[PDB]
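A.B. asks: The file below is entry-v2.csv, CSV, C-alpha atoms:
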chain,number,residue,atom,x,y,z
A,1,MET,CA,0.0,0.0,0.0
A,2,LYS,CA,1.4,3.4,-1.1
A,3,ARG,CA,3.0,5.5,1.6
A,4,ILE,CA,1.9,9.2,1.7
A,5,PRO,CA,4.4,11.7,3.1
A,6,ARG,CA,3.7,14.5,5.5
A,7,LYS,CA,4.1,18.2,4.6
A,8,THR,CA,4.2,19.1,8.3
A,9,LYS,CA,6.7,17.8,10.8
A,10,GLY,CA,5.5,15.1,13.3
A,11,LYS,CA,6.4,14.9,16.9
A,12,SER,CA,10.2,14.4,16.3
A,40,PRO,CA,-11.7,-3.2,-36.9
A,41,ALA,CA,-11.0,0.4,-37.8
A,42,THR,CA,-9.9,2.7,-34.9
A,43,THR,CA,-10.6,5.9,-36.7
A,44,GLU,CA,-13.8,7.6,-35.6
A,45,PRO,CA,-15.6,10.2,-37.9
A,46,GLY,CA,-15.9,13.4,-35.8
A,47,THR,CA,-12.7,13.2,-33.7
A,48,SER,CA,-10.5,15.5,-35.8
A,49,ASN,CA,-9.2,18.6,-34.2
A,50,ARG,CA,-9.3,21.4,-36.8
A,51,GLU,CA,-11.4,23.8,-34.7
A,52,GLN,CA,-10.0,27.3,-34.4
A,53,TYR,CA,-11.5,29.4,-31.6
A,54,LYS,CA,-10.1,32.1,-29.3
A,55,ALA,CA,-11.7,33.0,-26.0
A,56,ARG,CA,-13.0,36.4,-24.9
A,57,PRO,CA,-12.1,36.9,-22.1
A,58,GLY,CA,-9.0,34.8,-22.5
A,59,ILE,CA,-8.3,31.7,-20.3
A,60,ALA,CA,-4.9,32.8,-19.0
A,61,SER,CA,-6.0,36.2,-17.8
A,62,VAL,CA,-8.9,35.0,-15.7
A,63,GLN,CA,-6.8,32.0,-14.6
A,64,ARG,CA,-4.1,34.2,-13.1
A,65,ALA,CA,-6.7,36.5,-11.5
A,66,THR,CA,-8.4,33.4,-9.9
A,67,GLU,CA,-5.1,32.0,-8.8
A,68,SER,CA,-4.4,35.3,-7.0
A,69,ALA,CA,-7.9,35.2,-5.4
A,70,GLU,CA,-7.5,31.6,-4.2
A,71,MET,CA,-5.0,32.6,-1.5
A,72,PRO,CA,-6.2,32.2,2.1
A,73,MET,CA,-5.7,34.7,4.9
A,74,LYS,CA,-2.6,35.0,6.9
A,75,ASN,CA,-2.3,33.7,10.5
A,76,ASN,CA,-2.2,36.4,13.2
A,77,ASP,CA,-0.5,34.8,16.2
A,78,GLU,CA,0.7,38.0,17.8
A,79,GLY,CA,-0.3,38.1,21.5
A,80,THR,CA,-0.8,34.3,21.9
A,81,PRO,CA,1.2,31.8,24.1
A,82,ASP,CA,4.2,29.8,23.1
A,83,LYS,CA,4.5,26.1,23.7
A,84,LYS,CA,6.0,26.8,27.2
A,85,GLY,CA,3.8,29.9,28.2
A,86,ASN,CA,5.8,32.9,26.8
A,87,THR,CA,3.9,35.4,24.7
A,88,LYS,CA,4.5,35.6,20.9
A,89,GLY,CA,5.0,39.1,19.4
A,90,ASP,CA,6.9,42.3,19.9
A,91,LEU,CA,7.0,44.7,22.9
A,92,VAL,CA,5.0,47.5,21.3
A,93,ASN,CA,2.0,49.5,22.4
A,94,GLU,CA,-1.4,48.4,20.9
A,95,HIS,CA,-2.5,51.7,19.4
A,96,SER,CA,1.0,52.3,18.0
A,97,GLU,CA,0.7,48.7,16.6
A,98,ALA,CA,-2.5,49.5,14.8
A,99,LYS,CA,-1.1,52.7,13.2
A,100,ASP,CA,2.1,50.8,12.2
A,101,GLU,CA,0.0,48.1,10.6
A,102,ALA,CA,-2.1,50.7,8.7
A,103,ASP,CA,1.0,52.3,7.3
A,104,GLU,CA,2.4,48.9,6.2
A,105,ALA,CA,-0.8,48.0,4.5
A,106,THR,CA,-0.9,51.3,2.6
A,107,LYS,CA,2.7,50.8,1.4
A,108,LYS,CA,1.9,47.3,0.2
A,109,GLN,CA,-1.1,48.7,-1.7
A,110,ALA,CA,1.1,51.3,-3.4
A,111,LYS,CA,3.6,48.6,-4.3
A,112,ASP,CA,0.8,46.4,-5.7
A,113,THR,CA,-0.7,49.1,-8.0
A,114,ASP,CA,2.9,50.1,-9.0
A,115,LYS,CA,2.3,53.8,-8.0
A,116,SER,CA,4.5,55.8,-5.7
A,117,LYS,CA,1.4,57.0,-3.7
A,118,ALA,CA,-1.5,54.7,-3.1
A,119,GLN,CA,-4.9,55.8,-4.4
A,120,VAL,CA,-6.7,53.7,-1.8
A,121,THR,CA,-5.2,54.2,1.7
A,122,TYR,CA,-5.8,52.8,5.2
A,123,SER,CA,-4.0,55.6,7.1
A,124,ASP,CA,-4.8,59.3,7.4
A,125,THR,CA,-8.4,58.6,6.5
A,126,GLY,CA,-10.6,61.4,7.7
A,127,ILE,CA,-12.0,59.3,10.6
A,128,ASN,CA,-10.9,60.0,14.1
A,129,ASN,CA,-10.2,56.4,15.0
A,130,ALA,CA,-7.9,57.1,18.0
A,131,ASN,CA,-9.2,54.4,20.4
A,132,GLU,CA,-8.5,51.5,18.1
A,133,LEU,CA,-6.5,48.6,19.6
A,134,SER,CA,-4.6,45.7,18.1
A,135,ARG,CA,-2.9,42.6,19.5
A,136,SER,CA,0.7,42.7,20.5
A,137,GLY,CA,3.3,41.1,22.7
A,138,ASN,CA,3.1,43.8,25.4
A,139,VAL,CA,0.5,42.0,27.6
A,140,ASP,CA,0.0,38.4,28.8
A,141,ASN,CA,-3.3,36.5,29.4
A,142,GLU,CA,-3.8,37.7,33.0
A,143,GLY,CA,-3.6,41.3,32.0
A,144,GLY,CA,-0.1,42.1,33.1
A,145,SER,CA,2.9,43.4,31.2
A,146,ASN,CA,5.5,41.3,29.5
A,147,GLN,CA,8.4,43.3,30.8
A,148,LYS,CA,9.8,39.9,31.8
A,149,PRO,CA,8.8,36.5,30.3
A,150,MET,CA,6.4,34.4,32.2
A,151,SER,CA,8.8,31.5,32.6
A,152,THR,CA,11.3,33.8,34.2
A,153,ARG,CA,8.7,34.9,36.7
A,154,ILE,CA,7.8,31.3,37.5
A,155,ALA,CA,11.5,30.5,38.0
A,156,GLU,CA,12.2,33.3,40.4
A,157,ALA,CA,9.0,32.8,42.4
A,158,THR,CA,10.0,29.1,42.8
A,159,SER,CA,13.6,29.9,43.6
A,160,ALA,CA,12.5,32.0,46.5
A,161,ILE,CA,11.3,28.9,48.4
A,162,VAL,CA,14.3,26.5,47.9
A,163,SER,CA,16.1,25.0,50.9
A,164,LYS,CA,19.5,23.2,51.2
A,165,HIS,CA,21.2,20.5,53.1
A,166,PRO,CA,22.0,21.3,56.8
A,167,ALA,CA,25.4,22.8,57.4
B,1080,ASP,CA,0.3,23.7,61.2
B,1081,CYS,CA,2.6,20.7,62.1
B,1082,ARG,CA,5.3,22.3,64.3
B,1083,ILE,CA,8.1,20.3,65.9
B,1084,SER,CA,9.5,20.8,69.4
B,1085,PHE,CA,12.9,19.4,70.4
B,1086,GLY,CA,13.2,17.5,73.7
B,1087,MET,CA,15.4,18.4,76.6
B,1088,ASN,CA,17.5,16.3,79.0
B,1089,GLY,CA,16.0,13.0,77.7
B,1090,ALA,CA,12.4,14.2,77.0
B,1091,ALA,CA,11.2,13.0,73.6
B,1092,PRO,CA,10.5,15.4,70.7
B,1093,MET,CA,6.9,16.1,69.8
B,1094,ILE,CA,4.8,17.1,66.8
B,1095,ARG,CA,1.7,19.2,66.7
B,1096,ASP,CA,-1.6,17.3,66.0
B,1097,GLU,CA,-4.6,18.6,64.2
B,1098,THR,CA,-6.9,18.7,67.3
B,1099,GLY,CA,-4.3,20.9,69.0
B,1100,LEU,CA,-2.2,18.4,70.9
B,1101,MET,CA,1.5,17.5,70.8
B,1102,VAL,CA,2.4,13.8,70.4
B,1103,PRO,CA,5.8,11.9,70.3
B,1104,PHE,CA,7.4,10.3,67.3
B,1105,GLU,CA,5.4,7.0,67.5
B,1106,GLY,CA,2.2,5.4,66.2
B,1107,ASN,CA,0.1,5.8,63.1
B,1108,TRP,CA,0.0,9.2,61.4
B,1109,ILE,CA,-1.9,10.7,58.5
B,1110,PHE,CA,-0.1,13.1,56.1
B,1111,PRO,CA,-1.1,14.9,53.0
B,1112,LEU,CA,1.8,15.0,50.4
B,1113,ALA,CA,2.0,18.8,50.6
B,1114,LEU,CA,3.4,18.6,54.1
B,1115,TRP,CA,6.5,16.6,53.1
B,1116,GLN,CA,6.8,18.8,50.0
B,1117,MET,CA,6.9,21.9,52.1
B,1118,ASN,CA,9.3,20.6,54.7
B,1119,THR,CA,11.5,18.1,52.8
B,1120,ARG,CA,14.8,18.7,54.5
B,1121,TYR,CA,13.7,19.3,58.0
B,1122,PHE,CA,11.3,16.3,58.0
B,1123,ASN,CA,13.9,14.0,56.5
B,1124,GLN,CA,16.5,14.9,59.2
B,1125,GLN,CA,14.0,14.6,62.0
B,1126,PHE,CA,12.1,11.4,61.0
B,1127,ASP,CA,14.3,9.1,58.9
B,1128,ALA,CA,16.0,7.4,61.8
So that I can check it, write out the structure of this file as structure tokens.
C.D. replies:
Amino acid sequence: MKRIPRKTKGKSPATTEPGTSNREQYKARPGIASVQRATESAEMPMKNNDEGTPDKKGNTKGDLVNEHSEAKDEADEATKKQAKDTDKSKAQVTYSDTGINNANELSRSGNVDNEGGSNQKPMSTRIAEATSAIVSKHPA
Amino acid sequence: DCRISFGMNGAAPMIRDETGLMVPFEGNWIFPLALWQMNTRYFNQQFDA
């Protein structure tokens, strides 16, 4: 039985028939290739946003940046990508500097953990110190 | 609240019971594991013999 690999790492009589000739000459409108490439670009799924979520040992994934600053930084990045995609220097469709006073907006980041505290120091480090405070040794 | 008091001049050491009494190192005792986890070294030194 055929073995299927894993893309993701584990835990480690005359034959001739009358009408079959191929002398038809037709061009499509719209063409097949153009719509095929556009559909290929539309097939792509959305990106995974894991910022602000735990690691496999408890530490938070992301960067130590404020949330509103994070939202504005992401808006700038998306606008630059739009300008790149339409090949212009300045984007016609923009996500920043829109005329809406959207100053309370928040985005995920690595600056907070799940209990609401700050990640000035990783969670595993805090566990280690809180445990080290209670150790005892062999009598002198 | 299991506290241990040393003996003096031949008097035997005693340990604090739940009802509030102090009893010597003999008999049948009931411990949760948290007690030995909290006082590993002290309990080892006092009891093992």
A.B. asks: Within 12 Å of chain A, which residues of chain B come that close, and what is the closest atom pair and distance in Å for each? Count all atoms listed in the file and give it as a tab-separated table.
C.D. replies:
residue	atom	partner	partner_atom	distance
B:1116	CA	A:162	CA	11.0
B:1117	CA	A:161	CA	9.1
B:1118	CA	A:163	CA	8.9
B:1119	CA	A:163	CA	8.5
B:1120	CA	A:165	CA	6.8
B:1121	CA	A:166	CA	8.6
B:1122	CA	A:165	CA	11.8
B:1123	CA	A:165	CA	10.3
B:1124	CA	A:166	CA	8.8
B:1125	CA	A:166	CA	11.7
A.B. asks: For the point (-10.9, 54.0, 19.1) in file coordinates, what residues are within 12 Å, counting all atoms listed in the file? Give the answer as a PDB file with C-alpha atoms, in the coordinates of the input?
C.D. replies:
ATOM      1  CA  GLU A  94      -1.400  48.400  20.900  1.00  0.00           C
ATOM      2  CA  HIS A  95      -2.500  51.700  19.400  1.00  0.00           C
ATOM      3  CA  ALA A  98      -2.500  49.500  14.800  1.00  0.00           C
ATOM      4  CA  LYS A  99      -1.100  52.700  13.200  1.00  0.00           C
ATOM      5  CA  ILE A 127     -12.000  59.300  10.600  1.00  0.00           C
ATOM      6  CA  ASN A 128     -10.900  60.000  14.100  1.00  0.00           C
ATOM      7  CA  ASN A 129     -10.200  56.400  15.000  1.00  0.00           C
ATOM      8  CA  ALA A 130      -7.900  57.100  18.000  1.00  0.00           C
ATOM      9  CA  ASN A 131      -9.200  54.400  20.400  1.00  0.00           C
ATOM     10  CA  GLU A 132      -8.500  51.500  18.100  1.00  0.00           C
ATOM     11  CA  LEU A 133      -6.500  48.600  19.600  1.00  0.00           C
ATOM     12  CA  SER A 134      -4.600  45.700  18.100  1.00  0.00           C
TER      13      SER A 134
END
A.B. asks: Skipping near chain neighbours, those fewer than 6 positions away, what residues fall within 7 Å of range 1091-1101 of chain B using all atoms listed in the file, listed as a list in words?
C.D. replies: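 Result of the neighbour search: residues 1081, 1082, 1083, 1084 and 1085 of chain B.
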A.B. asks: Write out, as a PDB file, in the frame of the given file, the residues just selected, with C-alpha atoms.
C.D. replies:
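After the write, again14.pdb holds the following:
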ATOM      1  CA  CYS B1081       2.600  20.700  62.100  1.00  0.00           C
ATOM      2  CA  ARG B1082       5.300  22.300  64.300  1.00  0.00           C
ATOM      3  CA  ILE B1083       8.100  20.300  65.900  1.00  0.00           C
ATOM      4  CA  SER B1084       9.500  20.800  69.400  1.00  0.00           C
ATOM      5  CA  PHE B1085      12.900  19.400  70.400  1.00  0.00           C
TER       6      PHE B1085
END
A.B. asks: In Å, how far is it from CA of residue 10 in chain A to CA of residue 77 in chain A?
C.D. replies: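 Separation of CA of residue 10 in chain A and CA of residue 77 in chain A: 20.8 Å.
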A.B. asks: CA of residue 91 in chain A to CA of residue 144 in chain A: how many Å, to one decimal?
C.D. replies: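 Rounded to one decimal, the two atoms are 12.7 Å apart.
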A.B. asks: Mind giving me the straight-line distance from CA of residue 90 in chain A to CA of residue 78 in chain A in Å, one decimal?
C.D. replies: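 One can read the CA of residue 90 in chain A to CA of residue 78 in chain A distance as 7.8 Å.
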